[PDB]
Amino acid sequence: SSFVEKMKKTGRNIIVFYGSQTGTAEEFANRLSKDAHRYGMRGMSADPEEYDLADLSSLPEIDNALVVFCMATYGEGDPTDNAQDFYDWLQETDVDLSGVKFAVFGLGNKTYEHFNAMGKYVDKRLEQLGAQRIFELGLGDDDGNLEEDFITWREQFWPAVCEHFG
């Protein structure tokens, strides 16, 4: 039903959504969610298409809640198929996301004109709606070494998360 309800009943405070077509963003999401345990927290990865992201407004019910988005960009700067509902919702919504804390890691390739469009958009839109960005937008480049871009981001991400939540 609701992802916030699932997190509450399974003890998770971190949820990582993945916008993926070929599985790269899903694997990064799984890796980030497992990392949570190394810092005394608990996370889970999730396919946004299976949920209603309007529920983000209920996230502040969970202590030290953090939502992370690992999003790939396809086509003409389009979202992946599984992130279309989320993309559509983001464009038309006006909900207040005060209290929400987020971070975004975008998967793209610098050779396309619309480099990491999806990741850049989600990052910008969440802040516009009232959410608080806890760590800078990661811009992974699949034309170079995406894996290394991810590791560099992740290496600095956790210390920042720990710093923020104490």
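Residue indices: 1-based, along the sequence shown.
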Problem set entry | 66 to 74 set against 133 to 141, stretch whose average Cα temperature factor tops the other in the entry | 133 to 141
Exercise. What stretch has the higher average Cα B-factor here, 95 to 103 or 33 to 41?
Worked result: 33 to 41
For this session: Classify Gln156 as lowest, middle or highest third according to the C-alpha B-factor given in the PDB entry, relative to its own chain.
Result: highest
Exercise. Among the chain's modelled residues, which third holds the C-alpha B-factor of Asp123?
Worked result: lowest
For this session: Determine, from the deposited record, the chain-internal third of the Cα B-factor for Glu49: lowest, middle or highest.
Result: middle
